[PDB]
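**Q**
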Ligand SMILES: Cc1cc2nc3c(=O)[nH]c(=O)nc-3n(C[C@H](O)[C@H](O)[C@H](O)COP(=O)(O)OP(=O)(O)OC[C@H]3O[C@@H](n4cnc5c(N)ncnc54)[C@H](O)[C@@H]3O)c2cc1C
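Residue numbers (UniProt numbering): 3 to 189, 197 to 462.
1. Are at least three pairs of beta-carbons, each pair with one atom in the stretch 227 to 234 and one in the stretch 74 to 83, less than 8 Å apart?
2. Touch check for the stretch 173 to 189 and the stretch 204 to 211: three-plus C-beta pairs under 8 Å?
3. Would the C-beta of residue 398 count as close to ligand 1, meaning under 7 Å from any of its heavy atoms?
4. For ligand 1, I want to know if residue 422 counts as a neighbour, meaning its beta carbon is within less than 7 Å of at least one of the ligand's heavy atoms.
5. DSSP on residue 261, reduced to helix/strand/coil?
6. Is any non-hydrogen atom of ligand 1 found closer than 7 Å to the C-beta of residue 443, if you look at the structure I gave you?
7. Take residue 368 and list the residues in its own chain whose beta-carbon comes closer than 8 Å to its own, dropping the five residues that flank it on each side.
8. Is it true that the CB of residue 114 sits closer than 8 Å to the CB of residue 240?
9. By the three-class DSSP mapping on this structure, what secondary structure does residue 512 have?
10. Check residue 405 in the structure and name its three-state DSSP category.
11. Check whether the Cβ of residue 372 lies closer than 7 Å to any heavy atom of ligand 1, and answer yes or no.
12. Can you tell me which of the three DSSP states residue 44 falls into?
13. Tell me which residues share the same chain as residue 291 and place their Cβ nearer than 7 Å to its Cβ, disregarding the 5 neighbours each side in the sequence.
14. Name, in chain order, the residues that DSSP records as bridge partners for residue 12.
15. Let me know the secondary structure DSSP gives residue 82 once reduced to three states.
16. Would you say residue 23 and residue 49 are within 8 Å of each other, going by their C-beta atoms?
17. What residue range does the beta strand (DSSP E) around residue 193 cover?
18. Grab the span of the beta strand (DSSP E) containing residue 93 for me, first residue to last.
19. Using 10 angstroms around the beta-carbon of residue 445, count the other beta-carbons present and answer buried if the total reaches 16, otherwise exposed.
20. Got a sec: does ligand 1 put a non-hydrogen atom nearer than 7 Å to the Cβ of residue 431?
21. Starting from residue 283, follow the alpha helix (DSSP H) in both directions and report where the run begins and ends.
22. Is the stretch 355 to 371 touching the stretch 398 to 414, taking contact as three or more C-beta pairs under 8 Å?
23. Using only alpha-carbon positions, find the residue among 62, 86, 116, 331 that is nearest to residue 95.
24. Quick one: give me the first and last residue of the beta strand (DSSP E) that residue 57 is part of.
25. Who are the Cβ neighbours of residue 140 in its own chain at under 6 Å, not counting the five residues just before and after it?
26. Buried or exposed: where does residue 72 fall if 16 or more other Cβ atoms within 10 Å of its Cβ makes it buried?
27. Hey, would you say residue 382 sits closer than 8 Å to residue 419, going by beta carbons?
28. Which runs of the alpha helix (DSSP H) at least 4 residues long sit entirely within the stretch 354 to 436? Give them in chain order.
29. Return yes when at least one heavy atom of ligand 1 lies under 7 Å from the C-beta of residue 272, else no.
30. Three-state secondary structure (DSSP) at residue 347?
31. Does at least one heavy atom of ligand 1 sit under 7 Å from the Cβ of residue 378?
32. Pick helix, strand or coil for residue 293, following the three-state DSSP scheme.
33. Check whether the Cβ of residue 364 lies closer than 8 Å to any Cβ atom in chain B.
34. Looking at C-alpha atoms only, which residue of 132, 31, 102 is the closest neighbour of residue 82?
35. In whole angstroms, what is the alpha-carbon distance linking residue 145 and residue 4?
36. Could you compute how far the alpha carbon of residue 307 sits from the alpha carbon of residue 149?
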């Protein structure tokens, strides 16, 4: 167990009660460095380990699609942990108040959480630190290389971050030890009831079409740790060989489809990398996929961790801010409202089809995601307005949304973060431009449009 994966958030006097794993980002029982570290500390203190999850008040800012996907996975997780004699407690409310009250009530000895660089997690940590007196640790269970270890600062390009991460792969890319069960079972409602009341509160804002029927199709991605593994095995067996050649074709389902599972932590990216590394397939396709799940995924954590304003115009590179400022008063070809973007009511049938794939499946193809967000910049009054629209639609309708990959991917599309300058155009400036005709020369756009009416 590498001690570089864990960071001390607050020192204190250890109690003689159970070690509490405040699970948040990595919702799985296998391949969880945060849970394994909590079990190790619990063994050293001759005390059990308990898992606590907070059902926050911000779930009404998303949809049923993300709520059901997460809760149905937690229902499976509660059974997995129970077989390991590890009890799980699901609290409903503010983590600042609920975690502090749980620590005091259950006489917790040590508190551990997983790592997320998002602003809301730091808000919770701030509130929790003020209300506890026991040691508080956080463990990076999401990245193969701990975020604070891969680089000590913001990396402006993938080619500067790539050698740093690969140089540390031999140390941190390793197999997971088995989660040892608790010795004996130790000493706040049913998840089915919380799901029922939550869905009932979300129903008025459910995405519907004109026929009052729901837009979202839940059968595309089955939630849970077991289903995530089957998706990974199917990708390695059937799709990895062609990934390098077809990853930019939205008419082919050749991606791994792992992001909903990766976002909620229902599968470990380190586990996926281990299995891909030992798989025998096209070297170009393996290089391409590993570049996505290692370099681009973990550089997104790098971006949010080292840029407090990661969701703002101020985090854009200087060349992009100056370029976009120089074209602020350029006349835009079209100006669409947030409601027109949301309903897919633009003059662009390819953009509208991309929005329909997002509305119906909750996972837009990676290539059209780049086109989808760049057109928001082109058809908005300002770069700041384009950021708000793209973030709003991304976090509301993507299953993989509200994620460092989302803010870093949007910042790449609109602000050229982790990109270079291109030819100077009006409105968009030197930001990389993606044209409708350019897409037509890349893939069968007519089939993609016809698929998502
Ligand atoms: C405008 C925009 C919005 C995006 N919104 C999200 C989002 O809300 N949530 C999200 O997790 N990702 C987002 N991405 C990144 C990327 O599109 C998705 O991660 C990827 O498409 C998810 O589907 P997949 O698992 O089948 O991809 P795969 O090709 O099978 O890659 C596997 C994993 O590698 C990672 N990965 C792949 N591509 C990227 C990438 N471009 N950036 C960062 N990580 C990557 C992902 O974790 C991904 O799950 C967005 C990108 C853009 C340009």
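From the three backbone atoms N, C-alpha and C, an ideal C-beta is built for every residue, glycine too.
**A** Reading from the atomic positions:
1. Note that the stretch 227 to 234 touches the stretch 74 to 83; at least 3 beta-carbon pairs, one per stretch, sit closer than 8 Å.
2. A contact is defined here as three or more CB-CB pairs under 8 Å, and the stretch 173 to 189 fails this definition with respect to the stretch 204 to 211.
3. For ligand 1, no non-hydrogen atom lies closer than 7 Å to the CB of residue 398.
4. Yes, Cβ of residue 422 sits closer than 7 Å to a heavy atom of ligand 1.
5. In the structure shown, residue 261 falls within a coil segment according to DSSP collapsed to helix, strand and coil.
6. Outside the cutoff, so no.
7. So the qualifying residues of the chain are 216, 224, 225, 353, 406.
8. No; because the gap between Cβ atoms is not below 8 Å, this pair is not in contact.
9. The shown model of the chain, from 3 to 462, leaves out residue 512, and the question about it has no answer.
10. In the three-state scheme derived from DSSP, where H, G and I count as helix and E and B as strand, residue 405 is classed as helix.
11. Yes, Cβ of residue 372 sits closer than 7 Å to a heavy atom of ligand 1.
12. The answer is helix: DSSP assigns residue 44 an H, G or I state.
13. Hits under 7 Å: 250, 253.
14. Paired residues: 138.
15. Residue 82: helix per DSSP, three-state reduction.
16. No, they are not a contact pair.
17. No atoms of residue 193 appear, because in the chain residue 189 is followed directly by 197.
18. Here the beta strand (DSSP E) through residue 93 covers 90 to 94.
19. So residue 445 counts as exposed.
20. False, no ligand heavy atom lies under 7 Å from that Cβ.
21. Residues 278 to 286.
22. The stretch 355 to 371 vs the stretch 398 to 414: in contact.
23. In terms of Cα proximity to residue 95, the closest of 62, 86, 116, 331 is 62.
24. Per DSSP, the unbroken beta strand (DSSP E) holding residue 57 starts and ends at 51 to 57.
25. 9, 11, 115, 117.
26. So residue 72 ends up on the buried side.
27. Less than 8 Å divides the Cβ of residue 382 from the Cβ of residue 419.
28. If we require 4 residues or more, the alpha helix (DSSP H) runs fully inside the stretch 354 to 436 come out as 358 to 370, 375 to 387, 392 to 406, 413 to 424.
29. For residue 272, the shortest separation between its Cβ and any heavy atom of ligand 1 lies below 7 Å.
30. Residue state, collapsed to three classes: helix.
31. Yes, the Cβ of residue 378 comes within 7 Å of a heavy atom of ligand 1.
32. Note: residue 293 maps to helix in three-state DSSP.
33. Absent here is chain B; the protein component of the structure consists of one chain.
34. Residue 31 is the option with its Cα nearest to residue 82.
35. One Cα belongs to residue 145, the other to residue 4, and the distance between them is close to 13 Å.
36. When rounded, the distance between both Cα atoms is 7 Å.
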